[PDB]
$ cat structure_9.csv   # CSV, C-alpha atoms and all ligand atoms
chain,number,residue,atom,x,y,z
A,1,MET,CA,153.6,80.2,97.9
A,2,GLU,CA,151.4,83.2,98.9
A,3,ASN,CA,154.0,84.7,101.3
A,4,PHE,CA,156.5,85.2,98.4
A,5,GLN,CA,156.3,87.2,95.3
A,6,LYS,CA,158.6,85.9,92.5
A,7,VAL,CA,160.8,88.6,91.0
A,8,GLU,CA,162.6,86.4,88.5
A,9,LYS,CA,163.6,82.9,87.5
A,10,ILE,CA,167.2,82.6,88.6
A,11,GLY,CA,168.0,79.1,87.2
A,12,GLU,CA,166.8,75.6,86.4
A,13,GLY,CA,167.9,72.9,88.8
A,14,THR,CA,168.0,69.1,89.1
A,15,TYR,CA,165.0,69.0,91.4
A,16,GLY,CA,163.3,72.1,90.0
A,17,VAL,CA,163.2,75.7,89.1
A,18,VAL,CA,164.9,78.5,91.2
A,19,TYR,CA,163.4,81.9,91.7
A,20,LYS,CA,164.6,85.1,93.2
A,21,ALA,CA,161.7,86.1,95.4
A,22,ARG,CA,160.7,88.6,98.1
A,23,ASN,CA,159.2,87.6,101.4
A,24,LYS,CA,156.2,89.9,102.1
A,25,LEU,CA,156.2,89.4,105.8
A,26,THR,CA,159.9,89.9,106.3
A,27,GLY,CA,160.7,92.0,103.3
A,28,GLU,CA,163.8,89.7,102.8
A,29,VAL,CA,164.9,88.8,99.3
A,30,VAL,CA,165.7,85.1,98.7
A,31,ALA,CA,166.2,82.1,96.4
A,32,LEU,CA,163.1,80.0,96.3
A,33,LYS,CA,163.5,76.4,95.0
A,34,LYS,CA,160.5,74.4,93.8
A,35,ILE,CA,161.0,70.6,94.3
A,36,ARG,CA,159.1,67.9,92.4
A,45,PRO,CA,158.6,61.2,101.2
A,46,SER,CA,158.9,61.9,105.0
A,47,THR,CA,162.5,60.6,104.8
A,48,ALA,CA,163.2,63.6,102.5
A,49,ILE,CA,161.4,65.8,105.1
A,50,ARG,CA,163.6,64.6,108.0
A,51,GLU,CA,166.8,64.9,105.9
A,52,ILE,CA,166.1,68.5,105.0
A,53,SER,CA,165.1,69.3,108.6
A,54,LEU,CA,168.6,68.2,109.5
A,55,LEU,CA,170.1,70.6,106.9
A,56,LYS,CA,168.3,73.6,108.4
A,57,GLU,CA,170.5,72.9,111.4
A,58,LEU,CA,173.9,72.8,109.7
A,59,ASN,CA,174.7,76.5,109.7
A,60,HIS,CA,178.1,77.7,108.5
A,61,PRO,CA,179.3,81.0,106.9
A,62,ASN,CA,180.4,79.0,103.9
A,63,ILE,CA,177.1,77.1,103.4
A,64,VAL,CA,174.2,78.9,101.7
A,65,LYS,CA,171.7,79.4,104.6
A,66,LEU,CA,168.5,77.3,104.5
A,67,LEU,CA,166.0,79.8,105.8
A,68,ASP,CA,162.7,77.9,105.7
A,69,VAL,CA,161.3,74.6,104.6
A,70,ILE,CA,157.7,74.9,103.3
A,71,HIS,CA,155.8,71.7,103.0
A,72,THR,CA,152.4,73.2,102.1
A,73,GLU,CA,149.6,71.7,100.0
A,74,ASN,CA,151.8,68.7,99.1
A,75,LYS,CA,154.6,70.5,97.1
A,76,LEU,CA,158.0,71.4,98.6
A,77,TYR,CA,159.7,74.8,98.7
A,78,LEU,CA,163.1,75.5,100.1
A,79,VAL,CA,163.9,79.1,100.9
A,80,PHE,CA,167.6,79.9,100.9
A,81,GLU,CA,169.7,83.1,101.4
A,82,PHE,CA,170.1,84.9,98.1
A,83,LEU,CA,173.6,85.4,96.5
A,84,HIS,CA,174.1,87.5,93.4
A,85,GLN,CA,176.5,85.4,91.3
A,86,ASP,CA,177.8,81.9,91.0
A,87,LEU,CA,181.4,80.7,90.3
A,88,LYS,CA,180.6,79.5,86.8
A,89,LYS,CA,179.5,82.9,85.6
A,90,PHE,CA,182.4,84.5,87.4
A,91,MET,CA,184.9,82.0,85.8
A,92,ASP,CA,183.5,82.7,82.3
A,93,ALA,CA,183.8,86.5,83.2
A,94,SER,CA,187.4,86.1,84.4
A,95,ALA,CA,188.5,84.0,81.4
A,96,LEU,CA,190.4,86.6,79.4
A,97,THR,CA,192.5,87.3,82.5
A,98,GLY,CA,191.9,84.4,84.9
A,99,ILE,CA,190.9,84.7,88.5
A,100,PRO,CA,193.9,86.1,90.5
A,101,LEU,CA,195.6,83.3,92.4
A,102,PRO,CA,195.0,85.1,95.8
A,103,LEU,CA,191.2,84.9,95.2
A,104,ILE,CA,191.5,81.3,93.9
A,105,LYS,CA,193.3,80.6,97.1
A,106,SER,CA,190.8,82.3,99.3
A,107,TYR,CA,187.9,80.6,97.5
A,108,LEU,CA,189.5,77.2,97.9
A,109,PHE,CA,190.3,77.8,101.6
A,110,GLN,CA,186.7,78.9,102.4
A,111,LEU,CA,185.2,76.0,100.6
A,112,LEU,CA,187.5,73.6,102.4
A,113,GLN,CA,186.3,75.2,105.7
A,114,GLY,CA,182.6,74.6,104.6
A,115,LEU,CA,183.6,71.0,103.7
A,116,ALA,CA,185.4,70.3,107.0
A,117,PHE,CA,182.2,71.5,108.8
A,118,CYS,CA,179.7,69.4,106.7
A,119,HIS,CA,182.0,66.4,106.8
A,120,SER,CA,182.5,66.7,110.6
A,121,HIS,CA,178.7,66.2,110.8
A,122,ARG,CA,178.8,63.3,108.4
A,123,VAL,CA,177.1,65.3,105.6
A,124,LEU,CA,178.4,64.9,102.1
A,125,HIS,CA,177.6,67.3,99.2
A,126,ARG,CA,178.0,64.6,96.5
A,127,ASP,CA,177.7,67.1,93.7
A,128,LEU,CA,180.1,69.9,93.9
A,129,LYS,CA,180.4,72.0,90.7
A,130,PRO,CA,181.0,75.6,89.8
A,131,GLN,CA,177.2,76.1,89.3
A,132,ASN,CA,176.6,75.1,93.0
A,133,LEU,CA,179.2,77.6,94.3
A,134,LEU,CA,177.9,81.1,95.0
A,135,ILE,CA,179.8,84.3,95.7
A,136,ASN,CA,179.2,87.7,97.2
A,137,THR,CA,180.5,91.3,96.9
A,138,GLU,CA,182.4,90.7,100.2
A,139,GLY,CA,184.8,88.0,99.0
A,140,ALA,CA,182.7,85.1,100.4
A,141,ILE,CA,182.0,81.8,98.6
A,142,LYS,CA,179.4,79.4,99.7
A,143,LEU,CA,178.2,75.8,98.9
A,144,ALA,CA,174.6,75.6,97.7
A,145,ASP,CA,172.4,72.4,97.4
A,146,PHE,CA,174.4,70.8,100.3
A,147,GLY,CA,172.5,67.7,101.5
A,148,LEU,CA,169.8,67.6,98.8
A,149,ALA,CA,171.5,64.7,97.0
A,150,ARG,CA,171.2,62.2,99.9
A,151,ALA,CA,167.7,63.8,100.6
A,152,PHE,CA,166.2,62.9,97.3
A,161,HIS,CA,166.2,66.6,80.3
A,162,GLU,CA,169.3,68.7,80.7
A,163,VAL,CA,172.3,66.4,81.2
A,164,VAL,CA,173.9,66.3,84.6
A,165,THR,CA,177.6,67.1,84.4
A,166,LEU,CA,180.0,64.2,85.2
A,167,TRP,CA,183.1,66.5,85.1
A,168,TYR,CA,183.6,66.6,88.9
A,169,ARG,CA,182.6,63.1,89.7
A,170,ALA,CA,185.0,61.0,91.9
A,171,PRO,CA,186.4,57.8,90.3
A,172,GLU,CA,185.0,55.5,93.0
A,173,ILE,CA,181.5,56.8,92.0
A,174,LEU,CA,182.2,56.2,88.3
A,175,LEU,CA,183.5,52.6,89.2
A,176,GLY,CA,180.2,51.9,91.0
A,177,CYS,CA,181.1,52.2,94.7
A,178,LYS,CA,177.7,52.5,96.4
A,179,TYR,CA,179.1,53.7,99.7
A,180,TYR,CA,180.9,57.0,98.9
A,181,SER,CA,182.7,58.8,101.7
A,182,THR,CA,183.4,62.5,102.3
A,183,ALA,CA,186.4,62.1,99.9
A,184,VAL,CA,184.1,62.4,96.8
A,185,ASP,CA,183.7,66.1,97.7
A,186,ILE,CA,187.5,66.7,98.1
A,187,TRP,CA,187.9,65.2,94.5
A,188,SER,CA,185.3,67.5,93.0
A,189,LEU,CA,186.8,70.6,94.7
A,190,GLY,CA,190.2,69.6,93.4
A,191,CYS,CA,188.7,69.4,89.9
A,192,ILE,CA,187.3,72.9,90.6
A,193,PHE,CA,190.7,74.2,91.9
A,194,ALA,CA,192.4,73.0,88.8
A,195,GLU,CA,189.8,74.6,86.5
A,196,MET,CA,190.1,78.0,88.3
A,197,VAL,CA,193.8,78.0,87.7
A,198,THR,CA,193.9,76.8,84.1
A,199,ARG,CA,190.6,78.3,82.7
A,200,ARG,CA,189.6,75.0,81.3
A,201,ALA,CA,187.7,72.0,82.7
A,202,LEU,CA,190.1,69.4,84.1
A,203,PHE,CA,188.1,66.4,83.0
A,204,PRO,CA,185.2,67.3,80.7
A,205,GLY,CA,183.5,63.9,80.3
A,206,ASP,CA,180.4,63.5,78.2
A,207,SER,CA,179.7,59.9,79.3
A,208,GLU,CA,180.7,57.8,82.3
A,209,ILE,CA,183.4,56.0,80.3
A,210,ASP,CA,184.7,59.1,78.6
A,211,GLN,CA,184.8,60.7,82.0
A,212,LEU,CA,186.7,57.6,83.5
A,213,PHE,CA,189.0,57.4,80.5
A,214,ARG,CA,189.9,61.1,80.8
A,215,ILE,CA,190.8,60.6,84.4
A,216,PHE,CA,192.8,57.6,83.4
A,217,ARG,CA,194.7,59.4,80.6
A,218,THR,CA,195.8,62.2,82.9
A,219,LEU,CA,196.4,60.4,86.3
A,220,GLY,CA,197.2,56.9,84.8
A,221,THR,CA,195.0,53.8,84.9
A,222,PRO,CA,194.6,52.9,88.6
A,223,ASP,CA,195.9,49.5,89.7
A,224,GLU,CA,196.3,47.6,93.0
A,225,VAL,CA,199.5,49.4,93.8
A,226,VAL,CA,198.1,52.9,93.9
A,227,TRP,CA,194.5,51.8,94.7
A,228,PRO,CA,194.1,48.6,96.6
A,229,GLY,CA,190.8,47.0,95.8
A,230,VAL,CA,190.3,49.0,92.6
A,231,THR,CA,190.2,45.8,90.5
A,232,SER,CA,187.3,44.5,92.7
A,233,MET,CA,185.2,47.6,92.1
A,234,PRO,CA,181.7,46.8,90.5
A,235,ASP,CA,182.3,48.5,87.2
A,236,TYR,CA,186.0,48.0,86.9
A,237,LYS,CA,187.1,46.0,83.8
A,238,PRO,CA,190.4,44.2,83.4
A,239,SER,CA,190.0,45.4,79.8
A,240,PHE,CA,190.4,49.1,80.7
A,241,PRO,CA,193.2,50.5,78.6
A,242,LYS,CA,196.4,51.1,80.6
A,243,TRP,CA,197.5,54.7,80.3
A,244,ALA,CA,200.6,56.3,82.0
A,245,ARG,CA,200.3,59.0,84.5
A,246,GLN,CA,201.2,62.6,83.3
A,247,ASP,CA,203.2,65.1,85.2
A,248,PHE,CA,201.2,67.6,87.2
A,249,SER,CA,203.5,70.3,85.9
A,250,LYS,CA,201.8,69.6,82.6
A,251,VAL,CA,198.3,69.5,84.0
A,252,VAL,CA,197.9,72.8,85.9
A,253,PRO,CA,200.6,75.2,84.9
A,254,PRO,CA,201.5,77.7,86.3
A,255,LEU,CA,200.3,76.6,89.7
A,256,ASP,CA,203.3,76.7,92.2
A,257,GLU,CA,204.7,73.7,94.0
A,258,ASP,CA,202.5,74.1,97.1
A,259,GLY,CA,199.4,74.3,94.9
A,260,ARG,CA,200.5,71.2,92.9
A,261,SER,CA,201.3,69.3,96.0
A,262,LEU,CA,197.8,70.1,97.4
A,263,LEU,CA,196.0,69.3,94.2
A,264,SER,CA,197.7,65.8,93.9
A,265,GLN,CA,196.5,65.0,97.4
A,266,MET,CA,193.0,66.0,96.5
A,267,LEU,CA,193.1,63.8,93.4
A,268,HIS,CA,194.5,60.6,95.0
A,269,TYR,CA,192.7,57.6,93.5
A,270,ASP,CA,192.3,55.7,96.8
A,271,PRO,CA,189.6,57.7,98.7
A,272,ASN,CA,191.3,56.5,102.0
A,273,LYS,CA,194.6,58.2,100.9
A,274,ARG,CA,192.8,61.3,99.6
A,275,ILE,CA,193.5,64.4,101.8
A,276,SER,CA,190.7,65.5,104.1
A,277,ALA,CA,189.2,69.0,104.1
A,278,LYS,CA,190.6,69.4,107.6
A,279,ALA,CA,194.1,68.2,106.7
A,280,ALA,CA,194.0,70.3,103.5
A,281,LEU,CA,193.4,73.5,105.6
A,282,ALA,CA,196.8,72.9,107.3
A,283,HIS,CA,198.6,72.5,104.0
A,284,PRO,CA,201.4,75.0,103.3
A,285,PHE,CA,199.7,76.4,100.2
A,286,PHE,CA,197.5,78.3,102.7
A,287,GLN,CA,200.4,79.8,104.6
A,288,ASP,CA,199.7,83.2,103.0
A,289,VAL,CA,196.0,83.0,102.5
A,290,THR,CA,194.1,86.3,102.5
A,291,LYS,CA,190.5,87.4,101.7
A,292,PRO,CA,190.5,89.6,98.5
A,293,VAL,CA,187.3,91.1,97.2
A,294,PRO,CA,186.3,90.1,93.6
A,295,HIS,CA,185.2,92.6,91.0
A,296,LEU,CA,181.7,91.5,90.3
A,297,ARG,CA,179.3,93.7,88.3
A,298,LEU,CA,175.7,93.0,89.1
B,301,LIG,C1,171.6,85.3,91.3
B,301,LIG,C2,172.0,83.8,91.4
B,301,LIG,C3,173.5,83.5,91.2
B,301,LIG,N1,171.6,83.2,92.6
B,301,LIG,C4,171.3,81.9,92.8
B,301,LIG,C5,171.2,81.0,91.8
B,301,LIG,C6,170.9,79.6,92.2
B,301,LIG,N2,170.8,78.6,91.2
B,301,LIG,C7,170.9,77.2,91.6
B,301,LIG,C8,170.5,76.4,90.4
B,301,LIG,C9,170.6,74.9,90.6
B,301,LIG,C10,172.0,74.5,91.0
B,301,LIG,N3,172.1,73.1,91.2
B,301,LIG,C11,172.4,75.3,92.3
B,301,LIG,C12,172.2,76.8,92.1
B,301,LIG,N4,170.8,79.2,93.4
B,301,LIG,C13,170.9,80.2,94.4
B,301,LIG,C14,170.8,80.1,95.8
B,301,LIG,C15,170.5,78.9,96.5
B,301,LIG,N5,170.3,77.9,97.1
B,301,LIG,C16,171.0,81.4,96.3
B,301,LIG,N6,171.1,82.2,95.3
B,301,LIG,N7,171.1,81.5,94.1

$ encode --input "structure_9.csv" --output "structure tokens" --more "lines below"
Ligand SMILES: CC(C)Nc1cc(N[C@H]2CC[C@H](N)CC2)nc2c(C#N)cnn12
Amino acid sequence: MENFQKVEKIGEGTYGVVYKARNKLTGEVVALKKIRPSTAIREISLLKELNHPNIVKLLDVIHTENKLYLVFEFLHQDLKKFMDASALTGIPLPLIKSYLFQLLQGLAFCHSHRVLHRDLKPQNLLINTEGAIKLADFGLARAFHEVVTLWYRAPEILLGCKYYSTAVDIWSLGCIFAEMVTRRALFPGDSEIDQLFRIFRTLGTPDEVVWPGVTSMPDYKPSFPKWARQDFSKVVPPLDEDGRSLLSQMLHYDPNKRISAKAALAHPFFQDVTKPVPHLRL
């Protein structure tokens, strides 16, 4: 759109391409997403209102000549690239902690307004030079080829629950937490059943004891194999006891048992939280 000069393509998305761009009438540099219903219009207009330091700012919605552009604040790296960059050494735990804590704050905000992300993944998490981490694409899922990753998907989604809650985002972030610690994807599924079966092999096949109502889930099958739960000391070493306590609460099968973002903020793991600055080279 005429008011913006593209500077570079900064990624492919689900809904379209993302450009780094410069506004001519503000001089501001940004991230310009090109998308493809008034419902979608109203939903997005809602998002322009949920402003939080840990949510990528939606600057402007441009519904011109019947295409849709979303103008966001620009950030210089995402967490996936940073992870890949930190791999030989791993992200220091104090930064993992700070990142988790900030994200939890962003979630507690979104969720308190009844807005879910639905699709948390490292690629949707964006970082700056100042030690901040922000959720991007928040709200688009409920508002609207390269394969979409299943790795972070909550089990109730995989089992065909149509009415997810805020807990699906806690799950995702817990998968993200585990991955930052270990330097390997927690559950790298390459189909819905592989993804489910990886969850099962690690946390154990859910039943009515741990997850009441699980056997009445739409895509649940009495024929699922019955794997034993592993020890968390095996899953994410060498995360401490507080860290492992927290992760287990984020990965609870029953979404009603699963810790909230707000309760997670009070967990003892955060007793000593700080705000380190990452070494990122741009
Ligand atoms: C320089 C770069 C890290 N800045 C980016 C990239 C980016 N890519 C999107 C691709 C599609 C994904 N589902 C989500 C991330 N998006 C943004 C924003 C936004 N919004 C701001 N900076 N960046």

$ residues_near_ligand --input "structure_9.csv" --ligand "ligand LIG 301 (chain B)" --cutoff "7 Å" --atoms "all atoms listed in the file" --output "list in words"
residues 10, 11, 12, 13, 14, 18, 30, 31, 64, 80, 81, 82, 83, 84, 85, 86, 131, 132, 134, 144 and 145 of chain A

$ write_last_selection --input "structure_9.csv" --atoms "C-alpha atoms" --output "PDB file, in the frame of the given file"
ATOM      1  CA  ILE A  10     167.200  82.600  88.600  1.00  0.00           C
ATOM      2  CA  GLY A  11     168.000  79.100  87.200  1.00  0.00           C
ATOM      3  CA  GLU A  12     166.800  75.600  86.400  1.00  0.00           C
ATOM      4  CA  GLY A  13     167.900  72.900  88.800  1.00  0.00           C
ATOM      5  CA  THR A  14     168.000  69.100  89.100  1.00  0.00           C
ATOM      6  CA  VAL A  18     164.900  78.500  91.200  1.00  0.00           C
ATOM      7  CA  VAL A  30     165.700  85.100  98.700  1.00  0.00           C
ATOM      8  CA  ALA A  31     166.200  82.100  96.400  1.00  0.00           C
ATOM      9  CA  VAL A  64     174.200  78.900 101.700  1.00  0.00           C
ATOM     10  CA  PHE A  80     167.600  79.900 100.900  1.00  0.00           C
ATOM     11  CA  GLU A  81     169.700  83.100 101.400  1.00  0.00           C
ATOM     12  CA  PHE A  82     170.100  84.900  98.100  1.00  0.00           C
ATOM     13  CA  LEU A  83     173.600  85.400  96.500  1.00  0.00           C
ATOM     14  CA  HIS A  84     174.100  87.500  93.400  1.00  0.00           C
ATOM     15  CA  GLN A  85     176.500  85.400  91.300  1.00  0.00           C
ATOM     16  CA  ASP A  86     177.800  81.900  91.000  1.00  0.00           C
ATOM     17  CA  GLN A 131     177.200  76.100  89.300  1.00  0.00           C
ATOM     18  CA  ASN A 132     176.600  75.100  93.000  1.00  0.00           C
ATOM     19  CA  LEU A 134     177.900  81.100  95.000  1.00  0.00           C
ATOM     20  CA  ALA A 144     174.600  75.600  97.700  1.00  0.00           C
ATOM     21  CA  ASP A 145     172.400  72.400  97.400  1.00  0.00           C
TER      22      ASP A 145
END

$ residues_around --input "structure_9.csv" --residues "residue 33 in chain A" --least-positions-apart "4" --cutoff "7 Å" --atoms "only C-alpha atoms" --output "JSON, numbers by chain"
{"A": [16, 17, 18, 19, 77, 78, 79]}

$ closest_residue --input "structure_9.csv" --among "A:25, A:194, A:279, A:95" --to "residue 248 in chain A" --atoms "only C-alpha atoms"
A:194

$ residues_near_point --input "structure_9.csv" --point "(195.0, 73.6, 81.8)" --cutoff "8 Å" --atoms "only C-alpha atoms" --output "list in words"
residues 194, 195, 197, 198, 199, 200, 201, 202, 250, 251, 252 and 253 of chain A

$ residues_around --input "structure_9.csv" --residues "residue 123 in chain A" --least-positions-apart "4" --cutoff "10 Å" --atoms "only C-alpha atoms" --output "VMD selection string"
chain A and resid 54 to 55 58 115 to 119 146 to 147 150 181 to 182

$ residues_around --input "structure_9.csv" --residues "residue 228 in chain A" --least-positions-apart "5" --cutoff "12 Å" --atoms "only C-alpha atoms" --output "count of residues only"
9

$ closest_residue --input "structure_9.csv" --among "A:90, A:216, A:227, A:236" --to "residue 136 in chain A" --atoms "all atoms listed in the file"
A:90

$ residues_around --input "structure_9.csv" --residues "range 125-130 of chain A" --least-positions-apart "6" --cutoff "8 Å" --atoms "only C-alpha atoms" --output "PyMOL selection string"
chain A and resi 86-88+143+145-150+168-169+184-185+188-189+192
